[PDB]
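Structural features, examined
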Amino acid sequence: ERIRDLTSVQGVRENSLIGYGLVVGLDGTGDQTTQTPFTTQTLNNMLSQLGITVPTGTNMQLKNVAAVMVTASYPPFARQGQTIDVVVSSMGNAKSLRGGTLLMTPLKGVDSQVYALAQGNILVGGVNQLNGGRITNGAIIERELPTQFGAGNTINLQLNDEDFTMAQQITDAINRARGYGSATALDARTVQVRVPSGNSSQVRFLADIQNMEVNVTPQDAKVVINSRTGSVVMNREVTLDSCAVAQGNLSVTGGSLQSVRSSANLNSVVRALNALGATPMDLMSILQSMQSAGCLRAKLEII
Amino acid sequence: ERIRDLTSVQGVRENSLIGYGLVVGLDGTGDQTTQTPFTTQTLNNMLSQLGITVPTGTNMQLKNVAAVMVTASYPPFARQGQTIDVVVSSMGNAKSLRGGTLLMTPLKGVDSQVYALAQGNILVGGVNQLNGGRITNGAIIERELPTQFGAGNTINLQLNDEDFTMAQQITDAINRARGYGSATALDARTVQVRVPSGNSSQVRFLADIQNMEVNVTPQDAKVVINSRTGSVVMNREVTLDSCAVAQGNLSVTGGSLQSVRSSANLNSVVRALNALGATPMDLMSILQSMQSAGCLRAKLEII
Amino acid sequence: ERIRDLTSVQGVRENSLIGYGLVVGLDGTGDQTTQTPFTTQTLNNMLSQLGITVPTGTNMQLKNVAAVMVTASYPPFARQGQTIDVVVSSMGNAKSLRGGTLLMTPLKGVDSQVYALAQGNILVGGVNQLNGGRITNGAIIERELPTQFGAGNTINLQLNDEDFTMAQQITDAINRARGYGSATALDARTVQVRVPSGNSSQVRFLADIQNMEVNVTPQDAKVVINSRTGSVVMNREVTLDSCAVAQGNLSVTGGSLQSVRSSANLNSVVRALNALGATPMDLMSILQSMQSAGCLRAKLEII
Amino acid sequence: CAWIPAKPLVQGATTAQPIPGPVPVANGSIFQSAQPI
C-alpha cells in the first residue's frame, strides 16, 4: 500500500464545490433576519419560485431559518447520480443549526456551473460547534467532467513530498516488478510510467502499481514547532551537538548554564533535551536559539 | 452483498423534491403570523380555493397554523400511486410542530414540476427538535420519470469510493462468475458490464451481480479529525515513525519531550499514542504536527 | 403474506381529500373570532344558507365554535355510501376541540371536486393534543373514480423498496406457483404479471399472488441516524473495520484512543461499539467520523 | 453649415463583442484559466 499512500495519479484529483442555501426547522435559533437581509430576500425568492408572491413592502421576522454556505468536494471520476458529503456553515448571526434541514442548494464550481444538488438533514455534534454541520450523502452529482484518462501511454505519479531519493526508489520499484523501462523519474516529485494503450489496461496497470511497497529512505531532519498550539515534533533524523543552554528559571539539578550532550539518534536527543527540565514553551525558544547557534542539526519549521 | 454495498447502478438514482405547505392542529405553537405574512397569505389562498373569500383588509392572528417546507426523495423507478416519507421543517417563528397535520402539499422537482403530493400527520420526537418532523408514507408519487434502463448492452457500476485496485477487483470478480468478457473497468470509479438486450434480462443479470462478494483490498491510510465534534478516527492502514512529541502540560510519566515508538500496525499506533496521555483535543494538534513533521504516515483529513 | 407486505398493485392507490369545516359544542375553547374573521364569516354563511341572515354590520364574539381543516384518505375502489375516517385540525387560536361536533364538511380532491361529506363527533385523547382529533367513519364517500382494473392482461406489482434481487425473487416466485411465463420484472421496482382477461379473473389471480411468501434476500447495509430524536438504528448487514476512535471525555477502561475490533456480524458490531462506552449523541458523531474514515462499511443516512 | 460631414471626437467603434472563451483542457479540474497575462 506504499505507492498509493505516497503518490497520486495524474488527472485523478478532487475539485471544490460551493453553494448557498437555507436551513429550516431550527428551534428558534436562526438568523435575526433584520441584520441579514439576504436570508429574507432568498426566502422570498424561494416562495416566488414556488408560487407565493409576498408583498415587497412587508416585515418578515423569522426565527427558524438560517442562511448557510455549503461546501463539498467533487471526487475523481464522479458520475451523475452519485452522492457526496457536504459541510454546512452558517453565514450570519445564527445561534445554532441543531436539527435543521438543508433545502435544495446548487453547488457551483469555480466556473460557476452547477455540479451537484444538495439537500438533507444536518448532523450537529451536541464545546461542540453549533453553526457548523455535515450531511453525509447530502448532495447528488449532476454534471461530469471529461478526462484524458485512458488516452496516451504515459501516466505521472506525483509524490506527495518532493524527494530525489524517493522518486528514484519508486522508479526502481516499478521497474523491478513491471519490466525494464516501465518507469522514468522526471523530477524530484514526478515519476512517469509507460502504460498500455487503452482504458481498462491502464486501470489494471495502476491497480498493480498502487499496492506495491517501497522501502522509505531517510527523509530530512526537521523540528516542527506549532506556537499557536504549543507543540513540538521531531522526526528520527534530528541530531544535536554539544553546547551549553541557559534560560530563565532553569538550572542544573548547579548553575544556570546546562551542558547538552552531543546526540546521534532521536532517543539521545530526547534524553538530552529532557535533562534541561524545560516546558515546551521554553523548549521552543531553546530549539530556536540552538538552531541559530548551530547545535541543532535539523530544519526548524514554524507552523 | 459486497457489490451492492460498494457500487451503484447507472441510472438508478434518487432525486430531491421540495414543496411548501401549512401545518394545522398545533396547540398554540404556530407562527405569530404578524412577522410571517406568507402564513396568512397562503391560508387565505387556501380558503379562497376552497370557497371562502376573506376580506383583503383584515387582521388574522392565528396560533395553530405554521408555514413549513417539506422535503422528500424521489426513489428510483418510482411509479405513480406509491408512497414516500417526507421531512417537515418550520420556516418562521413557530414554537413547535408537536401534533400538527400537513395539509395538501405539492412536492416540486428541480424543473418546478409536481412529482408528489404530501399530506399526513407529523411525528415529532418529544433535547428533541420541535420544529422538525417526519411523515412516513406522507407523500404519494404523481409523476414518473422515463429511463433508459433495459436499452443497450452496457451497464455502469459506479464505485462509491474511487480505487483502481477495487475497480479491477470488481472487474475480475464479475468476469469470474459471469463469463470471460462480462466486465471492463473504465476508470478508478466505473466498471462497465455487458448485459443481454432486454429489460428483464438486465434485471436478472444485475440481481446476480449485486449479491456477489469481493475481497476488499487495503484502502489508503487516513486519519479523520472532526474538530467541531472533537473526534478522531484512524483506519487500519495508519502507521507511525519514531519521533519526539512535546505539548503543553504533557510529560513523560520525566521531561516534556516524549518519544513515540515507530509503529507498524494499528494496535501499535494506538498504544504509542495512548502512551502520551493526550486528550483528543490535544491529540488533534499532535496528529497535525506529526503530519507536518513526517512521523504520521497517513492522510490527515479535517471534516 | 410476503407479496402483499412487499409490493402494491398498480392502480390500487389511496388519494388525499381536504376540506374546511366548523366544530361546535366546545366548552368555551373555540376561536376568539376577533383575530380569525373566517370563523364568523363562514358561520354567517351557514346561517344564511339555513335561512337566518345576520346583519352585515354586527359584532359576533363566539366561544364554542372553531374553524378546522379536515383531512382524509380516499381508499382504493371506494364506492358511494361507504364511510372513512377523518382527521380534524384547528386552524386559528383555538384552545381545544375536546367534545366538539364537526358540521357538514365537503371533502374536496386535488381537482377541487367533492368526493366525501364529513360530519361527526371528534375524539380527542385527554401531554395530549387538544386541537387535533379523529372521527372514525366520520365521512361518507359521495363520488367514485373510474379505473382500468380488469382491462388488459398485464398487472404491475410495485416493490416498496427498489431491489433487483428482490424483483427477480418475486418474479421467480410468481413463475413457480403460477406457470412458466406468469411474471416478468421490468426494473428494480416493478414486476409485470400476465393476468387473464376479465374482472373477477384478475381478482382471483391477485388474491392467489398476494399471500405468497418470498424469501427476503440480504438488503443493503445502512445505519439510520435521527438527530432530532437522538436515535440510531443499524440493520443486520452493517460491518466494521479495525480502527481507532477518540472522542471527548471517552477513554479506554487507558488512553483516549480506543481500538474498535473489526466486526463481521451485527452482534460483533454492537459489542465493539458498546466497548467505547459512548452515549448515542456521541455515537452519532463516532459513526459519522468512521464513515468518513472508512471503518464503517454501511450506508449512513441522516433522517 | 450643420450638414457638413464631421469626424466625431471618439472615433471608431463604441462597442466590443465579448470574445468566446477557450475550450477547457481535459485535466480533471474545474478551474480552467485562459492564456494568462
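Its PDB header attributes the entry to cryo-EM and lists the resolution as 3.0 Å.

1. Structural notes on the overall build of chain A
Scanning chain A from terminus to terminus reveals six helices and 17 strands. In summary, chain A has a C-alpha radius of gyration of 28 Å against a globular reference of 19 Å for 303 residues, an excess of more than 25%. Classification of the 303 residues of chain A by burial places 51% in the buried group. Counting only carbon and sulfur atoms, one obtains 46% of the accessible surface of chain A, whose full area is about 13600 Å². Seen as two clouds, the 22 positive and the 21 negative side-chain charges of chain A have centres 2 Å apart.

2. Points about the packing of helix α4 (residues 200-210) of chain B against helix α3 (residues 164-177) of chain C
Running from N to C, α4 of chain B and α3 of chain C point in directions that differ by 120 degrees, and their axes come no closer than 8 Å. Classified by the angle their axes make, α4 of chain B and α3 of chain C are oblique. As α4 of chain B runs across α3 of chain C, the sense of the crossing is left-handed. For the pair α4 of chain B and α3 of chain C, contact is made by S200, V203, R204, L206, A207 and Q210 of chain B and by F164, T165, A167, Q168 and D172 of chain C, respectively. Along the lines of polarity and charge, the residues of the contact of α4 of chain B with α3 of chain C split into five nonpolar, four polar and two charged.

3. A short note on the interface of chain A and chain C
For interface size, the figure often reported is the accessible area lost on association. Taken together, the contacts link 11 residues of chain A with 13 residues of chain C. Between chain A and chain C, a total of about 1000 Å² is buried, with carbon and sulfur atoms accounting for 47% of that surface. If you sort the residues of chain A by the area they bury against chain C, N121, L123 and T136 of chain A come out on top, with a joint share of 54%. Linking chain A with chain C are zero salt bridges. For the pair chain A and chain C, the interface holds two residue pairs in polar contact. Residue contributions to the side of chain A that touches chain C peak at three residues, all from strand β7 (residues 132-141) of chain A. By residue class, the composition of the side of chain A that touches chain C is one nonpolar, seven polar and three charged.

4. Thoughts on the nonpolar core
Side chains of a nonpolar character, in soluble globular proteins, are inclined to be buried together. In this structure, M234, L273 and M290 of chain A, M234, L273 and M290 of chain B together with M290 of chain C are the most contacted members of the largest nonpolar core, which totals 90 residues. Core analysis: the second largest hydrophobic core is formed by 74 residues, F149 and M166 of chain A, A207 of chain B together with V193 of chain C among them.

5. Looking at the layout of surface pockets
Rolled over the atoms, a probe as big as a water molecule pinpoints where empty space is left. Each pocket or cavity is described by its volume, and for the second largest pocket that value is around 690 Å³. If you go around the second largest pocket, you meet 22 residues; those closest to its centre are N45, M46, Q49, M104 and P106 of chain B. Elements that contribute at least two residues to the lining of the second largest pocket include exactly β2 (15-24), α2 (37-50) and β5 (101-108) of chain B together with β2 (15-24) of chain C. For the lining of the second largest pocket, the residue count by class is 11 nonpolar, nine polar and two charged.

6. Here's the deal with the state of the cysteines
Residue and element names in this part refer to chain A. Summed over the entire model, instances satisfying the criterion amount to three disulfides over all chains. One disulfide in the model links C243 with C295; its S-S distance is 2.0 Å. An S-S torsion of about 105 degrees defines the bridge between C243 and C295 as right-handed. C295 carries the same exposure label as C243, and that label is buried.

7. Observations regarding the packing of aromatic side chains
Enumeration over the complete set of coordinates arrives at 10 aromatic pairs over all chains. A ring pair is formed by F77 of chain B and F164 of chain C, whose centres lie 6.4 Å apart and whose planes are at 80 degrees; its orientation type is edge-to-face. In this pair, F77 of chain B sits in the loop between β3 (65-74) and β4 (83-90) while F164 of chain C sits in helix α3, so the two residues belong to two different chains. Judged by relative accessible area, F164 of chain C falls into the buried class, the value being 2%. Here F149 of chain B and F164 of chain C contribute two aromatic rings whose centre-to-centre distance is 5.3 Å and whose plane-to-plane angle is 35 degrees, an arrangement assigned as tilted. Placement of the pair is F149 of chain B in the loop between β7 (132-141) and β8 (154-159) and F164 of chain C in helix α3, with the two residues belonging to separate chains. Grouping aromatic residues by their ring pairs yields a cluster made of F77 and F149 of chain A together with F164 of chain B. Residue placement shows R143 of chain C over the ring face of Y115 of chain C; its charged tip is 5.9 Å from the ring centre.

8. Things to note about the interface of chain B and chain A
Tallying the contact residues gives 78 residues for chain B and 85 residues for chain A. Surface buried jointly by chain B and chain A totals about 6700 Å² across both partners, of which 54% is contributed by carbon and sulfur atoms. On the surface where chain B and chain A come into contact, there are five salt bridges. Summed over the shared surface of chain B and chain A, the number is 34 residue pairs in polar contact. In terms of residue count, helix α6 (residues 280-293) of chain B provides more of the side of chain B that touches chain A than any other element does, six residues in total.

9. Quick look at the pattern of salt bridges
According to the stated counting rule, one finds 28 salt bridges over all chains in the structure shown. With a closest N to O distance of 2.9 Å, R4 of chain B and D163 of chain C form a salt bridge. Here the residue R4 of chain B occupies a position in helix α1 (residues 2-6), and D163 of chain C occupies one in the loop between β8 (154-159) and α3, the pair thus bridging two chains. The same class applies to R4 of chain B as to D163 of chain C, namely buried.

10. Observations regarding helix α3 (residues 164-177) of chain B
Residues and elements named next belong to chain B. With 14 residues, α3 should cover 20 Å at 1.5 Å per step; its first-to-last C-alpha distance of 21 Å lies within 8% of that length. Within α3, the full set of buried residues consists of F164, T165, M166, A167, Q168, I170, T171, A173 and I174. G179 sits one or two positions beyond α3 and adopts a positive phi of about 105 degrees.

11. Examining unusual backbone geometry
Positive phi, normally seen in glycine, also occurs at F77 of chain A, with a value near 55 degrees. The exposure class assigned to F77 of chain A is buried, which follows from its relative accessible area of 11%. Within the chain, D220 of chain C stands out as a residue other than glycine whose phi angle is a positive 65 degrees. Relative to the helices and strands, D220 of chain C resides in the loop between α4 (200-210) and β11 (222-226). According to the relative accessible area criterion, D220 of chain C is partly exposed, its value standing at 29%.

12. A closer look at the sheet that holds β11 of chain C
Residue and element names in this part refer to chain C. As summarised here, the arrangement of the three strands in space is β12-β11-β17, forming an open sheet in which the pairing is mixed. Two strands in the sheet have a free side with no partner beyond their single neighbour: β12 (231-234) and β17 (299-302). Each strand axis lies, on average, 15 degrees off the axis of its neighbour in the sheet, ignoring direction. The pairing of β11 with β12 spans four bridges and is classified as antiparallel. Within β12, the residue paired with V224 across the bridge is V233.

What counts and what doesn't
- Residues numbered from 1 in each chain as written, not as in the entry; some residues may be left out.
- Chains lettered and ligands numbered in written order.
- Part of a larger assembly, values for the part shown.
- Heavy atoms only, no water.
- Helix = DSSP H or I, 4+ residues; strand = E, 2+ residues; numbered from the N terminus.
- Rg over C-alpha atoms; globule rule 2.2 N^0.38 Å.
- Buried < 20%, exposed > 50% of the residue type's maximum accessible area, 1.4 Å probe, protein only.
- Areas by Shrake-Rupley, 256 points an atom, 1.4 Å probe, with all protein chains shown as cover.
- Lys, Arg positive; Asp, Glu negative; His and termini not counted.
- Charge placed at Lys NZ, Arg CZ, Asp CG, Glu CD.
- Axes fitted to C-alpha atoms, helices over the stretch in contact; angles between N-to-C directions.
- Parallel < 35°, antiparallel > 145°, perpendicular 65-115°, else oblique.
- Left-handed = near helix turned anticlockwise from the far one by under 90°.
- Contact = heavy atoms within 4.5 Å.
- Nonpolar A, V, L, I, M, F, W, Y, C, P; charged D, E, K, R; others polar.
- Buried area = accessible area lost by both parts, 1.4 Å probe.
- Salt bridge = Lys/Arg side-chain N within 4 Å of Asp/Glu carboxyl O.
- Polar contact = N/O pair within 3.5 Å; in protein donor to acceptor, adjacent residues only side chain to side chain.
- Core = buried A, V, L, I, M, F, W, Y, C linked by side-chain atoms within 4.5 Å.
- 1 Å grid on protein atoms, 1.4 Å probe; cavity = no way out; pocket = protein on both sides within 12 Å on 5 of 7 lines; lining within 4 Å.
- Points joined across faces, edges and corners; volume = space filled by probe spheres on them.
- Disulfide = S-S within 2.5 Å.
- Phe/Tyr/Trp six-rings, centres within 6.5 Å; stacked < 30°, edge-to-face > 60°.
- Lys NZ or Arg CZ within 6 Å of the ring centre and 35° of its normal.
- Expected span 1.5 Å × (residues − 1).
- Pairing = 2+ DSSP bridges.

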